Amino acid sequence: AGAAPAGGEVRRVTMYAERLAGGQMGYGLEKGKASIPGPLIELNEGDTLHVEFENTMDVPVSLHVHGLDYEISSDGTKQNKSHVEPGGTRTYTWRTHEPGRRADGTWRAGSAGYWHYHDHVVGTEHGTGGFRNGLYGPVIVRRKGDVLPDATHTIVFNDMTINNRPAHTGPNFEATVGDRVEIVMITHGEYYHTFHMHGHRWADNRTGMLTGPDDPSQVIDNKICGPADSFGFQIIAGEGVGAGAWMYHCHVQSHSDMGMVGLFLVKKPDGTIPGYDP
């Protein structure tokens, strides 16, 4: 699989917050193309990204990012007056840095991680109304040398939903046996959850893959997550287990009973899924 290059590029993007169907709100890279979750932002460690942000709505909104570097003027908080007025525009700047050695001899960790952005002013001073409506999205920051996936999928547990979807509507995600699939798992809102995958597992470290044979990270298929937690991993689809409709769910019993469920549809090369009704 491909390998992430060393960062250092200054990139520039427009992003738009727009109302969607049913009182929903989302970000998009171009006007009329807001989505929930918002578009995935992929950065190589050392990149800078300038986000020419526009709020097309009738209420204040913001863009705030976890993990990445930002001056206070890019917080996306009302307390700092770095939110965006109705119809307004503002340029947010996120930077990243590589790991390295400080002067005090100590080690400065790098920006690599599975991170996210969201709104910080819709509803409350903490964006409670924004998460509900869907103002959240993933950011991946890659380290030089990181393995690249064949497909990246974001699953957000926002209160009692997956991706603001109604219960028992997924979403489902498709791969072929052997595909290197990347999952981005963010939790928002009020409730704790446990993310669980049938038939697959990952390491509980930065990349979800053991570094080598001296990596002591626990290997799990089940992880407790809370509001604003984010992690990610990469799995070889159906490795050791074969093709099939592999179920993923929250393992909080009433949460999986009420529809916090989806399917990881792993197809054989020819396209059919063993033991599945399409």
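Numbering starts at 1 and runs along the sequence shown.
(request) Output the stretch having the higher mean C-alpha B factor in the entry; the candidates are 170-178 and 108-116. (result) Comparing 170-178 with 108-116, the higher mean C-alpha B-factor belongs to 170-178.
(request) On mean C-alpha B-factor from the PDB entry, just flag whether 228-236 or 27-35 is the higher one. (result) The recorded data point to 27-35.
(message) For the CA B factor values reported in this entry, which option in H193, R95, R165, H196 has the top one?
(response) Comparing C-alpha B-factors across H193, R95, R165, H196, the top value belongs to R165.
(message) According to the Cα B-factor stored in this entry, which of the following is highest: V61, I220, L68, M247?
(response) By C-alpha B-factor in the record, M247 ranks first.
(request) Taking the values exactly as deposited, rank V141 by C-alpha B-factor within its chain and report the matching third: lowest, middle or highest. (result) According to the entry, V141 has a C-alpha B-factor in the chain's middle third.
(request) Could you look up the Cα B-factor of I186 in the entry and say which third of the chain it sits in: lowest, middle or highest? (result) Its C-alpha B-factor belongs to the lowest third of this chain's values.
(request) For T211, return the chain-relative third of its C-alpha B-factor as stated in the PDB record: lowest, middle or highest. (result) Its C-alpha B-factor belongs to the highest third of this chain's values.
(message) Is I41 in the lowest, middle or highest third of its chain when residues are ranked by C-alpha B-factor?
(response) Its C-alpha B-factor, which the entry lists for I41, ranks in the middle third among residues of this chain.
(request) Would you please rank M260 by its C-alpha temperature factor against the other modelled residues of its chain and give the third it falls in: lowest, middle or highest? (result) Tercile = lowest for this residue's CA B-factor.
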